[PDB]
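Student: According to the authors' numbering, the residues represented by the sequence shown are 9 to 633, 697 to 746, 756 to 1298, in order.
What follows is a structure written as structure tokens; I'll ask about it next.
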Amino acid sequence: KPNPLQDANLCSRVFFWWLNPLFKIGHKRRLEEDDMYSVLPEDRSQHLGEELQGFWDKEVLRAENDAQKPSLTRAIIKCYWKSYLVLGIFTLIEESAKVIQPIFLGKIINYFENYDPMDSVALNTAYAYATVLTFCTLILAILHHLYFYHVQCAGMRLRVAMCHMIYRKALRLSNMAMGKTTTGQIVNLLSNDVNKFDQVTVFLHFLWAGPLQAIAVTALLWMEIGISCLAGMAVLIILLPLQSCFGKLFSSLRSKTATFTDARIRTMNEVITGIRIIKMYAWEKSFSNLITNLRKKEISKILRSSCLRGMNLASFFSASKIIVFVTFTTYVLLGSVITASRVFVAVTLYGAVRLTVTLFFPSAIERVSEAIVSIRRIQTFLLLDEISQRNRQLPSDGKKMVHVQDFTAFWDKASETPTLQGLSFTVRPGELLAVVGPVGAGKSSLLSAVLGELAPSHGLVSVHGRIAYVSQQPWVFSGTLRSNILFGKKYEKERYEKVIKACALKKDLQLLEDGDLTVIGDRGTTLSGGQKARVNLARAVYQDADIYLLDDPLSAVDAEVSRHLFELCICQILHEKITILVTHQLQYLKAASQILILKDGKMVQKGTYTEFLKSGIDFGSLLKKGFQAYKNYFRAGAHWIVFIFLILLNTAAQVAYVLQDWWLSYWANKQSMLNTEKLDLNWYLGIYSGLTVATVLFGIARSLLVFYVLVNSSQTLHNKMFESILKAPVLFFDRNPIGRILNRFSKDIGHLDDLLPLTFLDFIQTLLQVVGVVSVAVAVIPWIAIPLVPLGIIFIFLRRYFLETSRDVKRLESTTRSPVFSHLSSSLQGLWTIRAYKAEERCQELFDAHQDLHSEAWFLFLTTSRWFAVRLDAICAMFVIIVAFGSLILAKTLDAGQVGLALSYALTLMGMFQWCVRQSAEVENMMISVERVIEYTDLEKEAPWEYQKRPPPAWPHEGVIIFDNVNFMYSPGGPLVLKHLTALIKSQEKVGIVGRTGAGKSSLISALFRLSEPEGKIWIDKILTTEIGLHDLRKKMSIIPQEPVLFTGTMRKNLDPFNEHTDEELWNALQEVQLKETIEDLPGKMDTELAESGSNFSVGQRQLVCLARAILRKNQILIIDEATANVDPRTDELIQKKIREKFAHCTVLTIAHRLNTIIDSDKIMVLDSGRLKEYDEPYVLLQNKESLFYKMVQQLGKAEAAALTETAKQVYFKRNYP
Ligand SMILES: OCCN(CCO)c1nc(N2CCCCC2)c2nc(N(CCO)CCO)nc(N3CCCCC3)c2n1
């Protein structure tokens, strides 16, 4: 994929002309990883990594020679100064130009100040000065981009080399260091601490071109306006600390919101997760109250932080006005006079040095501090203790064989008992050694010592040959199954087909789409544990070393395939292979040609299976121990009157900005047309200060008002969205996962709260400044309106042409970045397997090929943005040229003030135009947040919580519940679930439910609570359920859910969230489940704050809590579901006895998976695949041998069925015959 950057000229590499073809393709179709362009040979990850590693090794070597700490920063500087001195040369040129061009502005204006139409010599000199002005702006606009590319390229190169050394080191970490670190800490300095290098370079050069320029400019100012410059200059310096006390006060209001944003997001997580429980309990007004309180207390801090941000941005807007105003007030007051050449040079000098001092120099300071911190982190990571490379082997005679003598080892230099105690045994070719021992013996550590991963303390280990190893936990990397097996070995058809058949892989391959070519990412997302183990075994077989180690291979797989693998591969294929096995299944020990027993780190006995049969020790004995979106985003914030006032306030701010400099222009003109006489100073300074103050106040007012309106729009959108997600029917929560729903509450509203109202105000600010500049140049030279239409059409078409590719290549440098982190993860988790094979260097090449695929989209993201900015500055330079020259070919009409104003504003168009366009892109990029928030504010809604027909207070009087032809569906057009459900429930009876899993057992609760408005009728005490609103239907029915949940809060809440009960009642209820005592030993009485789902509580305890809830509600209906799944039998019978003897006079339906739970129930639904068929007393249904109840009783067993039938008969005979 050749790179046209390689075959291009200089006249082609300045205008990035090599990149037009890609853009053309980008205009037709979408871009893929083929359309991309490969990288230069001077940028492949391997080359940079090798070079920087060379310098880093030299530097640490000299550190050892000198006994002082090695510094990575010195290595980076030593490898990169020779190539970062060139870019310094050019930024020196660029700063000199930004300082020179005001002086030629001065000379042009000075020609206008002494206009004489006949002195054509002066006209020719002024034309020369304008030509020099356009040369300066054309080296500031066209040759500043073949520079910025390389300044970002030095940062790219540094970062890619750093990533390569980081992976290289993390591939050879000693286990002692490996354990003390993590694998989240070795991806956090490759995803977030090696990105700083992509940015520090961009600004590094301003640590010396920042101050130097701020002196050069000062000197120039001194030559023109004299001492007064200091006055103005003083103010500029004050913007350095004031900018860093809007930062150590905004960072105290921005990390005092996380303690509220995260509370709200966590409460979201609980509300969205357990929404079926909240709806069934009819609680969501409580969570609505909680979330309203949290959201209001984060809007307080969002509103303070945004008011402060707006004040900062208005200071940035009006700083230039205040500098110029104080400069020229001091300039005039010391007794000098205003002429139009010094005024509009000094303005431009202040423009340049303000853009450097207040914006670029502090940014470079921040970014160099961040890159130094990151270099320190990678510095520490590169000094972790390594692994002894496999050293000079003892001279052998070609006998591949394993022998260990008197081996003792520790995993810690502080452990008392050694991991191994003097182990001395061996294995030869063809001898399938095996290890037998319960968990805690050290067999895993035994194989680890075999691999050398455990440092020998005494004895000796002699392993001579290629080693194939299998970890206890199978490990799969990002790649296809054939590539998974090959692990770098070239494919061989027969040697792979025998692998396929001996591993019994055919079933799994026929399951998946690509046969054996299905791509398997990290953690085996496309595989199962048995598949992982089998593919790991296949890798071990195909790598085909001498000595093989197999640790617990067959435990997690089926018996037959495990037998096949052990017999026709381990017993058969490996009978000619050195092998060590750690096992847990006894049947295979007969096939072990040797047996090793390990215990307490000490050898117990070695021998064949026969000698341990004769030993008298059975193994088991040992083994046991669009535009509409903008309109909706703006309508929410305020009514349109405030919006029209907002527009007038923007316009007043901009117009007063422009009119201040216009006032200097008019002042200068009124000084020229003079004469001693003087000029009335009080009037002029009065209006000058009036215009400056109007600029400042209108800037502050515009910024605060825009922030307030957009923050208020965020608040209104969130309140609407949330109060419309609490009312969405559970069907919606089923369609959308928990991840996406709670993503538009944390990330999206996360934008809408603090990044639209800042990007959308910055965009408005600089857009109105661009319009200010263009309208000044059109009010002076009206003819400019003609060429400036072919700089509107060209601009719009340019931006369309460019955003159709900068949106196809700013997703390629994102969807090819993750594979780097994924490969790093998959290689650290499989680390022992990798380092067991001598092929760790091949994983280095895989990392590079995953890093020459992100440094291949960073290349395009760095040069397509430049192909855009070169052209934008061609447009801005055409404008500056037209203003500079067209101000002369019409010299007869203009004057010094008009020309100064028009020209210096055109000079500031540079850069301001580009920031305006960049924010336009970013705002159109973050209105997707608003589009999603507004997509949720328009969801479905279940029936309203209240109806006109409120129920009688005593209702339900008894508990009569009648199902009349209830036909219920989960979703429209789906399978009919309950079909003609016609049943009667007379007061207080206990009705079990029987059926198949999902055959309608758990749908009766779904329809009875109207979780999906059912078809049919349900009468609760002769009242239709559909005819009453929900919270007058769910408040009057209790339920015991499958998995109880406790909602984060005081235990006073998880029982009485509405504060409708009193401490005596709560204590009594908790007593009825006998857990009252179990609570009154916690820090608080009830008010112990809890973790998720009451993690300090047990499942049985949670069930007790919900049973207490049911007791507290004391309504005369009740529904139980999945009483005890795996709860301990004591708590089982506990809950059972409270279930009967607590709720005798409260109608009970029970939906249980077992029979003893429901054997004694008064009646039983029988649900036949979504159909009620049998419903009567259990004894009657057992009388008929053909009843499904009889059949499913008989399916348990003989003694079980006899006991159950006896119990049902006992109930019948005690009940119906007194
Ligand atoms: O109203 C100023 C807002 N801010 C401060 C907010 O944090 C701001 N930040 C910039 N940066 C952010 C990212 C790291 C530092 C730069 C930045 N960068 C450029 N440049 C890149 C143009 O594409 C010039 C360098 O090429 N130009 C800027 N202007 C803005 C318009 C008037 C003056 C030119 C500018 N402004």
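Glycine included, every Cβ here is placed at the ideal spot set by N, Cα and C.
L468 bridges to which residues according to DSSP?
Tutor: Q413
Student: Kindly indicate which three-state DSSP category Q1154 falls into: helix, strand or coil?
Tutor: coil
Student: Might you give, ordered along the chain, the residues of its own chain that have their beta carbon closer than 7 Å to the beta carbon of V484, omitting 5 neighbours on each side?
Tutor: Result list for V484: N492, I528, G532, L535, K540 and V543, in chain order.
Student: Which term fits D524, buried or exposed, when burial requires 16 or more other beta carbons within 10 angstroms of its beta carbon?
Tutor: buried
Student: If contacts are defined as beta-carbon pairs under 8 Å, then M1131 and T1168 qualify, I think. What distance do you get, rounded to the angstrom?
Tutor: 6 Å
Student: Would you please state the rounded distance, in angstroms, between the beta carbons of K1243 and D1256? I believe it to be under 8 Å.
Tutor: 6 Å
Student: Judging by CA-CA distance, which residue of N320, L1214, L730 and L1229 is the nearest neighbour of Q1068?
Tutor: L1229
Student: So which of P49, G282 and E521 has the shortest CA-CA distance to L822?
Tutor: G282
Student: So, at 6 Å on beta carbons, what are the nonlocal neighbours of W947 in its own chain, with the 5 sequence-adjacent residues on each side left out?
Tutor: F24 and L27
Student: Given a cut-off of 8 Å on the beta-carbon distance, is the pair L868 and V850 in contact?
Tutor: no
Student: So what's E1254 in DSSP terms, helix, strand or just coil?
Tutor: strand
Student: On a Cα-Cα basis, can you pick out the residue from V791, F433, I33 and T1062 that is closest to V412?
Tutor: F433
Student: Quick one: is the Cβ of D842 within less than 7 Å of any heavy atom of ligand 1?
Tutor: Yes - ligand 1 has a heavy atom lying nearer than 7 Å to the Cβ of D842.
Student: Measuring from the CB of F324, is there a heavy atom of ligand 1 at a distance below 7 Å?
Tutor: yes
Student: Look at the alpha carbon of residue 3 and the alpha carbon of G830, and state the distance between them as a whole number of angstroms.
Tutor: Any question about residue 3 goes unanswered here, given that the chain covers just 9 to 1298.
Student: Mapping DSSP to helix, strand and coil, what is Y358?
Tutor: helix
Student: When we look at the beta-carbon of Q580 and count the other beta-carbons within 10 Å, is it buried (16 or more) or exposed?
Tutor: exposed
Student: Can you give me the start and stop residues for the alpha helix (DSSP H) that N823 sits inside?
Tutor: Where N823 is concerned, there is no enclosing alpha helix (DSSP H), given that its DSSP letter is neither H nor E.
Student: My guess is that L1268 and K1253 are in contact by the Cβ rule of under 8 Å, so how many angstroms apart are they, rounded?
Tutor: Correct: roughly 7 Å between the Cβ atoms.
Student: Between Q14 and ligand 1, is there a pair consisting of the residue's CB and a ligand heavy atom that are separated by less than 7 Å?
Tutor: no
Student: Which residue marks the beginning of the alpha helix (DSSP H) containing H903, and which one marks its end?
Tutor: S898 to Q909
Student: Note down, in chain order, each residue of its chain lying with its Cβ closer than 6 Å to the Cβ of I1231, except the 5 sequence neighbours on either side.
Tutor: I1073, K1081 and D1201
Student: With a cut-off of 8 Å, do at least 3 Cβ pairs link the stretch 778-796 to the stretch 705-720?
Tutor: Between the stretch 778-796 and the stretch 705-720 there are three or more inter-stretch CB-CB distances shorter than 8 Å, so the stretches are counted as touching.
Student: Classify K287: buried if its beta carbon has 16 or more other beta carbons within 10 angstroms, exposed otherwise.
Tutor: buried
Student: What's the C-alpha gap between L1056 and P1094?
Tutor: 11 Å
Student: Would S326 pass as a contact of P837 if the rule is Cβ separation under 8 Å?
Tutor: no
Student: Within 8 Å, do at least three Cβ pairs link the stretch 435-454 to the stretch 624-631?
Tutor: Taking a cut-off of 8 Å for Cβ pairs, the stretch 624-631 and the stretch 435-454 touch, as three or more such pairs fall below it.
Student: Unbroken alpha helix (DSSP H) runs of length 4 or more, entirely within the stretch 547-597: which are they?
Tutor: 567-572
Student: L1146 and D1161 - do their beta-carbons sit closer together than 8 Å?
Tutor: Cβ atoms of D1161 and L1146: not closer than 8 Å.
Student: For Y477, which three-state DSSP category applies?
Tutor: strand
Student: Can you tell me the Cα-Cα spacing of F1043 and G1096, whole angstroms?
Tutor: Our two residues, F1043 and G1096, have alpha carbons roughly 8 Å apart in a direct line.
Student: Does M1131 come out as helix, strand or coil in the three-state DSSP assignment?
Tutor: When secondary structure is reduced to three states using DSSP, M1131 falls in the coil class, being assigned neither helix nor strand.
Student: Under the three-state reduction of DSSP, which class applies to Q1183: helix, strand or coil?
Tutor: helix
Student: Can you tell which of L1110, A781, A224 and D1212 has its C-alpha closest to the C-alpha of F716?
Tutor: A781
Student: Using a Cβ-Cβ cutoff of less than 6 Å, which residues in the same chain neighbour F882 once the five nearest sequence positions on both sides are dropped?
Tutor: Cβ within range, chain order: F948.
Student: Spatial neighbours of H930 within its chain, please: CB distance less than 6 Å, with the 5 preceding and 5 following residues excluded, ordered by chain position.
Tutor: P899, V900 and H903
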